[PDB]
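Here's the structure we're looking at; comments come further down.
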4 protein chains.
Amino acid sequence: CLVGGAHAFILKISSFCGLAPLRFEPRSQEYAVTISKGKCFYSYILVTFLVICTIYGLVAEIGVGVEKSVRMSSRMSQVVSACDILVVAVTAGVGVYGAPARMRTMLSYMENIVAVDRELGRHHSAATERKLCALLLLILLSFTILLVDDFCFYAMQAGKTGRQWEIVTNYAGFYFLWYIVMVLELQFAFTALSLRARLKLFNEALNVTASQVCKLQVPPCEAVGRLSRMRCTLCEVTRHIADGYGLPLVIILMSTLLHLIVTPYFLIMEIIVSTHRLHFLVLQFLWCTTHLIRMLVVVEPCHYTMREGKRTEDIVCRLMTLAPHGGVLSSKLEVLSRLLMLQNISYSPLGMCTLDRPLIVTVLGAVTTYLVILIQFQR
Amino acid sequence: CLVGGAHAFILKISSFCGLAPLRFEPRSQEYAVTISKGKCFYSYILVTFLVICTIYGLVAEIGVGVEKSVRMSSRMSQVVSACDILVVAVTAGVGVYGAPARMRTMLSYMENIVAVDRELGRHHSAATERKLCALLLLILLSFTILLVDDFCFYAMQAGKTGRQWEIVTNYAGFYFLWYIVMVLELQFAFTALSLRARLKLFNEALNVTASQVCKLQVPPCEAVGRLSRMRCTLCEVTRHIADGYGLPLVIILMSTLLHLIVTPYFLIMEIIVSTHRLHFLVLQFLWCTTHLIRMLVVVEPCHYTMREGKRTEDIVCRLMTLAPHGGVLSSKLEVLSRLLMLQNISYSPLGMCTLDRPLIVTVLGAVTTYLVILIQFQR
Amino acid sequence: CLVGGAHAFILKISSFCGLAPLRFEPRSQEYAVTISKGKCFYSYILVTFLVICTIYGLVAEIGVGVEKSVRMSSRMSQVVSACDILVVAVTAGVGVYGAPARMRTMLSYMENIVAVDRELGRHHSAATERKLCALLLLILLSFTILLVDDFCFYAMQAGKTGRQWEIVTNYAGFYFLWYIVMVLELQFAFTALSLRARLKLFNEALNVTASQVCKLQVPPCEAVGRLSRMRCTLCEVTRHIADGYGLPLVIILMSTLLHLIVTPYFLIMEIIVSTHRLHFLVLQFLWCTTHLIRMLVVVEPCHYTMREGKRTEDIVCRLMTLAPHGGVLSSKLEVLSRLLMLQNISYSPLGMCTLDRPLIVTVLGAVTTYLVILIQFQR
Amino acid sequence: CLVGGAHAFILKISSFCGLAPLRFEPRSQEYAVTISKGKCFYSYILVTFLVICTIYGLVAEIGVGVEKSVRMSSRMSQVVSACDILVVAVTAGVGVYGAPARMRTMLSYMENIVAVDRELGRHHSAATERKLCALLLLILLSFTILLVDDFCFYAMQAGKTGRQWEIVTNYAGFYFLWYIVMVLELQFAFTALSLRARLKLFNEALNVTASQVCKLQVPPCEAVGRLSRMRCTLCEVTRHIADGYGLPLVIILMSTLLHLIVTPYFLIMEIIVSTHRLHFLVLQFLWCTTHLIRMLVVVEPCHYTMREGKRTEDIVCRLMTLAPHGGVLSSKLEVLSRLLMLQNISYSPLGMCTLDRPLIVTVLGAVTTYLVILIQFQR
């Protein structure tokens, strides 16, 4: 297949991250894309090594006494730190170990999306992807800064206790697994949002049909037809993406619920003791901010897609009300008016949950319960 | 745009409340309405000042010892009082700081609503708004009385402890923020309910089409068409209002859940100690009544709108069953019978929750859990 | 209006119960029915008196010491007994004080139901009501027996402690309020289930249209039309009943959730002490059975109505698949196939909850939480 | 009726398990099937005997002191062991005591399924059932191994304490009831999944209609009709199966929620004491795995059926978009496009819950609450 503009860049990031084993060749505005068996094998080696190192680190930190373990001063702290580490190793594992199938899925649907773009204004439509890439890359940079600053803070806790080398080798795996699960989450928030921008362009191309019939190189008598076919393809591609991501997309939500449990637990315990550990207190608040912003980066592209859905259901009904009775346009709008009832576009990871924003009301409805219930066992 | 009747009065209230930066000019039954940049800047100054004063008050009350702090006798009381104050400052802030965009939204949809009223019986239709205004203003008067009586009670607690000036300056901000969030909530319960009354008038204008065809200046062959167009416009306007309010409409619900947690906590603790503080006990019960009545003033206009929805789905199906087969009326009723399946009228703030009355079953399903869980940490 | 068969008997029960202020005159198989202002005033007097007596009883039992109060041995026992009494006084009050409007609703919809029965097999269709009455009356008899046996047990606790007269006058009101709320709940479970039996008869009258067209005094070309009109009327009547009952129908569910909290609390505390109070232990288990069976008598007629709904959606689609293309029957089946998408028949009290059986999964999902949370405060 | 291929084998298992009282006669690839009154009476005797023996065992283990009761060392352990046993006796009872009606249901729907298969590729379609049987039998073998290993472990606990005969006779009933409820659950996961495979074959037979019209012994003008009739029959059969299983299908889910409460309770208590009981610790973890895998064997065939549903709604809309306007194929696709809106295929046991995979999010949302709440009462 062919990738045009910044989608090539976000995939290049996922490739060096081992989340997209793609080999590609340059073009004047594009890259031709292929799977490499070697890059798959490299990615499996890399993440298997980093998962082994992360588990070996967790085992070492469980073995070292609570006296020396600068964030694991008690059994309960060991339990919550194990929760912090382990589900991120789960998300990293189940994410990358599916990566070849996810890229088979992308190499399937992207040909259809290119065929759709060939009618829906592909000309300069890449500027939308350029803007979305420029916006989204800044999130990964911000997280990289925060992760490094976290490791530097714990490295200072190690240095002030004389244990730098061991606390380094115990966590350098875990931090890189965090970075990998961030790259997976951003890659989802890119693909599902470029598809949303294409839906927006389709929707405006339909909207101007309303003015064309009230008063675009073919009459609405044909244009509504060909747009309804594109409105089929731009559903099938959404169900492709929702399936190819559905497993890590739900695992990362479960891991983020667990982190929104574990991080406030630390914040509260570390302000029940004397607040003198100011750097820790701030770093944990910035982590709580990241553990919310990541969830908002998961759910926002879905809500902004389903709003394009609802606005298409609006503008079709406007057009259907203006269109003259019984003429061919009326029948083709009938076709579209049923299509919008059958092919409802919506992400749902493994079908396990409706990924619209009510998911945040549900997840916070769990977080606020479980945080308090868990704290109650500390005292 | 133009505002006729008491909608001008409720907007005038919101204007002096700094929730609607509208400049308007009088007419024999109406006002012409415009945004003023000066009234925007004034509103931003006013609410920024009152939020600064409210935070400065909360900081002062946290600084003053629990001995002298007549409702903050312990750390837990300080925590729950901070919850009481702060989310009301959040609602006031996020409410007013969006006000110019909300009035841009109103100045958009109200022209379409005036165009709809030009066909749906705008003649004397203002009496519905007059009645709704007369009913709703009494709620704001009642709340103003309750708020003043609360401040007078705490001022008496201050006077009997010799601390009147400090307890005054610590809370005069907070009370005015409460008043502002009440004005925002009432303004929603006006706009979303005037739109409901217009839906009712549309629905009756359709209902009498059933008698007209069984036996309104044009045949049903045209009237059902033009009504179906109005039935599009009276959906688009609902999605405009639901979006322009959606953010403060959900923040105020979250704040009201938090108050239905905090206020019963006070009531229970202040009846676990000796009930001699009769004025406090009554005032807190009246606050619990207000914290329920406000939520009912949020949800009731939605439920009474969706009941007009359901009754329109009923009466259309009556009309469709009587209408003769294959004649033009049958096709136009087909159009309407699909429109009612696509353009389902319903509020949903930011889409985050279905604002129908099942929301109260959900929110009380949370309140009764969290109140008990929180009390359990006191003892 | 006119009431035929056992519906007259169940209304006669509700009339002597003061839940249906109907004056009626006999016919050879029917009664003519009217509202009496005198029977309304009598019912308001009766329930106002019994609510005053029940509150006066609760006040007396709160005044008498826990030593003598044979089921109120502690403050917590007083709190849960107050919960037991008070929401039943709420249900009795809000039930009966709406009774005239509920009978206005019945005197409205029953004329339409008689008009429907005039086509859908009203001839001997009363035998369904006869069977349903015979079944449902046995539930009220069983509850009357259980209530009397409860009062006799507590009267024996009073006699063995020498306090019979006071414990009698403290509870004789409460028991009669329980009986009134049982009569209200049964009356709902009669009306909503006779309407279900009429839906079943309609559905079979449609089903045999499938054989008539595959091979009922008019061709399917007309019969499906007239049945679709009846299928409108048998929705409008359901929305009438669901609204006229919706308030006490939801209050009684909330009261039954509260009783499924309070009664197991007694059962557990009274088996944490020595089980020697065998009669009490059995009587409380029989009460827990009644507090489940009442909820099942509320929800079952709804689930058995919506199953007739779903089976009508099935059999219409069978008929639509056999019917020949383009002939008039195809258009009339199109009409019906949309009607089944718009006029979905379902009860919902005040819209506050979907009264289908998932309600029991939701309510038990609350009961099992709140029972344990409440017990945790006892020790 | 007639059963072809491995469905005969899974029914033969259920017959020796007393869950399917079928008498059958062999054919070259099939068996003719009948109910036997004798096999019904035998099954009622067998399960009544084993329920009596299981209750007698539970009573004996409650009678024997906590000193000797190798998994019932305290009252709380007796309570949770009673929960472990009793709801499995409930599931076994309510399962088998309905078995004749369930086989009446099967002997009804299987004739229609054979009639459908006569058009949808029944030729070699049995290989799908062969594969599904080969896969599913391995689950019952695995569970049999685990159950035997559990009984052998407890028999060793008995032998090392000299009490082998009594601990044998106290549990040999319970284990066989576990095996019976496993056979019931697998039988559901066979029937509901063979029906899914038939839906898949139907769906592909429709899909190739898209290529046939773009370019199967009759034109799409007929084929889409006859397929839409089969698409009715393959809904009616699903509602038959969902009803005939709905009661034990929901009871077994409730029992599995209760086991996911009770088993982690043991695991946690038996790791709060010293872990030396390694065999117990492993066996309880393998039980927790089984208590998850059983629930996944319940829900997975539903989710994989509703995905065939959604993919049929997709491919119909593809076909409807290609089909030429106004020709007969367009009307027959209109028929199908409404049928997919009315006859939505989905299991729901007793309607009490949507059995799609969101059920696992709901049930784990309960499990994680109730496990912690219950543990909190231990200490």
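By order in the structure tokens, chains are A, B, ...; within a chain, residues start at 1; ligands start at 1, following the order shown.
For chain C, the residues close to chain B, meaning within 7 Å and counting only C-alpha atoms, are residues 229, 232, 339, 342, 343, 351, 352 and 353 of chain C.
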task = Find the spatial neighbours of residue 88 in chain C, counting only C-alpha atoms, within a cut-off of 12 Å - ignore same-chain residues fewer than 4 positions away - and output them as JSON, numbers by chain.
result = {"C": [50, 51, 54, 55, 81, 82, 83, 84, 92, 93, 94, 95, 173, 174, 175, 176, 177, 178, 179, 180, 181, 182, 184, 248, 251, 252, 253, 254, 255, 256, 257, 258, 259]}
message = Excluding residue 206 in chain A and its own-chain neighbours fewer than 6 positions away, which residues fall within 9 Å of it when counting only C-alpha atoms? Please give them as a PyMOL selection string.
response = chain A and resi 223-224+227+312+315-316+319
request  = Pick out the closest residue to residue 370 in chain A from this set: A:261, A:3, A:134, A:345. Count only C-alpha atoms.
outcome  = A:261
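Using only C-alpha atoms, the contacts of residue 27 in chain D at a cut-off of 10 Å, with sequence neighbours closer than 5 positions omitted, comprise residues 2, 3, 4 and 32 of chain D.
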task = Fewer than 5 positions away in the same chain doesn't count, so skip those; otherwise give me all residues within 9 Å of residue 61 in chain B, counting only C-alpha atoms, as an MDAnalysis selection string.
result = chainID B and resid 56 66 69 72 78 167 170
Serialized selection, C-alpha atoms, as an mmCIF file, in the first residue's frame:
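Output file again_8.cif is given in full below:
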data_model
loop_
_atom_site.group_PDB
_atom_site.id
_atom_site.type_symbol
_atom_site.label_atom_id
_atom_site.label_comp_id
_atom_site.auth_asym_id
_atom_site.auth_seq_id
_atom_site.Cartn_x
_atom_site.Cartn_y
_atom_site.Cartn_z
ATOM 1 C CA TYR B 56 -9.053 33.830 49.258
ATOM 2 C CA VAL B 66 -10.886 24.990 64.023
ATOM 3 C CA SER B 69 -14.246 28.306 62.482
ATOM 4 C CA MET B 72 -15.017 23.870 60.354
ATOM 5 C CA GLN B 78 -12.517 21.530 56.500
ATOM 6 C CA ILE B 167 -16.517 35.418 58.662
ATOM 7 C CA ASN B 170 -14.523 34.839 54.093
#
query = Excluding same-chain residues fewer than 2 positions from residue 142 in chain A, what lies within 12 Å of it counting only C-alpha atoms, as number ranges by chain?
reply = A: 135-140, 144-149, 179, 182, 286-287, 289-290, 293-294
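The interatomic distance for the pair CA of residue 231 in chain A and CA of residue 124 in chain A works out to 20.6 Å.
The nearest approach to residue 168 in chain B among the residues B:367, B:106, B:96, B:152, with only C-alpha atoms taken into account, belongs to B:152.
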message = What parts of range 120-168 of chain A does DSSP call helix (DSSP H, G or I)? I'd like the answer as a PyMOL selection string.
response = chain A and resi 126-159+164-168
Writer output for current selection, C-alpha atoms, as a PDB file, in the first residue's frame:
ATOM      1  CA  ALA A 126      -3.213  15.517   3.663  1.00  0.00           C
ATOM      2  CA  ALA A 127      -3.064  18.902   5.448  1.00  0.00           C
ATOM      3  CA  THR A 128      -5.583  17.532   7.965  1.00  0.00           C
ATOM      4  CA  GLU A 129      -3.253  14.624   8.737  1.00  0.00           C
ATOM      5  CA  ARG A 130      -0.343  17.092   8.908  1.00  0.00           C
ATOM      6  CA  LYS A 131      -2.127  19.186  11.545  1.00  0.00           C
ATOM      7  CA  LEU A 132      -3.262  16.122  13.509  1.00  0.00           C
ATOM      8  CA  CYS A 133       0.286  14.698  13.501  1.00  0.00           C
ATOM      9  CA  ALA A 134       1.763  18.017  14.618  1.00  0.00           C
ATOM     10  CA  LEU A 135      -0.735  18.159  17.491  1.00  0.00           C
ATOM     11  CA  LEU A 136      -0.359  14.493  18.542  1.00  0.00           C
ATOM     12  CA  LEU A 137       3.466  14.321  18.436  1.00  0.00           C
ATOM     13  CA  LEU A 138       3.594  17.011  21.130  1.00  0.00           C
ATOM     14  CA  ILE A 139       1.757  14.637  23.492  1.00  0.00           C
ATOM     15  CA  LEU A 140       4.414  11.943  23.039  1.00  0.00           C
ATOM     16  CA  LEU A 141       7.151  14.534  23.580  1.00  0.00           C
ATOM     17  CA  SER A 142       5.447  15.751  26.772  1.00  0.00           C
ATOM     18  CA  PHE A 143       5.131  12.186  28.070  1.00  0.00           C
ATOM     19  CA  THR A 144       8.770  11.456  27.212  1.00  0.00           C
ATOM     20  CA  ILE A 145       9.813  14.507  29.244  1.00  0.00           C
ATOM     21  CA  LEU A 146       7.629  13.440  32.179  1.00  0.00           C
ATOM     22  CA  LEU A 147       8.954   9.860  32.084  1.00  0.00           C
ATOM     23  CA  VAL A 148      12.575  11.019  32.006  1.00  0.00           C
ATOM     24  CA  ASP A 149      11.933  13.446  34.873  1.00  0.00           C
ATOM     25  CA  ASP A 150      10.371  10.596  36.869  1.00  0.00           C
ATOM     26  CA  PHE A 151      13.391   8.368  36.281  1.00  0.00           C
ATOM     27  CA  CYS A 152      15.736  11.232  37.213  1.00  0.00           C
ATOM     28  CA  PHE A 153      13.825  11.825  40.466  1.00  0.00           C
ATOM     29  CA  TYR A 154      14.007   8.159  41.449  1.00  0.00           C
ATOM     30  CA  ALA A 155      17.673   8.126  40.380  1.00  0.00           C
ATOM     31  CA  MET A 156      18.219  10.998  42.834  1.00  0.00           C
ATOM     32  CA  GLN A 157      16.429   9.034  45.560  1.00  0.00           C
ATOM     33  CA  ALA A 158      18.828   6.184  44.720  1.00  0.00           C
ATOM     34  CA  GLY A 159      21.903   8.422  44.723  1.00  0.00           C
ATOM     35  CA  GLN A 164      21.908   4.063  41.989  1.00  0.00           C
ATOM     36  CA  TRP A 165      22.993   1.075  39.869  1.00  0.00           C
ATOM     37  CA  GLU A 166      20.458  -1.377  41.320  1.00  0.00           C
ATOM     38  CA  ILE A 167      17.485   1.017  41.239  1.00  0.00           C
ATOM     39  CA  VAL A 168      18.492   1.882  37.653  1.00  0.00           C
TER      40      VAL A 168
END
